[PDB]
């Protein structure tokens, strides 16, 4: 079925893009702390330029942090649609197979193709769990951490785990 094939088609592309976005963020969080530290190491009015530089680095970090959650939250939701569409189908296969044992015709869809889809769908959720786990470590960049950003990762980490719990029970 193309709707599946195309659904898991773009998931590859978009989690790759996410992985790149997370690397972009990580790279920039190093920039900020470097500039922040340099600014703290010791006035010359030139320091105004030095502070304006640090000030502009935190805004990118803040902008990126919010743009990463938007990405992964869209993926979490998409993975849900896929799971919510895959598992009921396998359920229909188990039924149609059980009936085949008491005189029904075999199911049209092979189990080999279903298992591949559930494995590919799971491989995305484990990958995404690893990426959220990285962002949770980046959240510890500073003391207050980022109470809103940290909760966004925690809240998505729960959803990703509920999707896995679904997939790992019936597979």
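Positions refer to the first chain, counted from 1.
The gap between residue 42 and residue 43 holds 4 to 9 unmodelled residues of the deposited sequence. Remark: stretch with higher mean C-alpha B factor among 146-154 and 159-167 is 146-154. Two stretches are in play, 81-89 and 97-105, and the higher mean C-alpha B-factor belongs to 97-105. Across the residues 110, 57, 119, 33, the deposited record lists the maximum Cα B factor for 110. In this entry, the residue among 47, 29, 130, 37 with the greatest C-alpha B factor is 47. When all modelled residues of the chain are sorted by CA temperature factor, residue 136 is found within the middle third. Annotation for residue 24: CA B-factor lies in the middle third of the chain's modelled residues.
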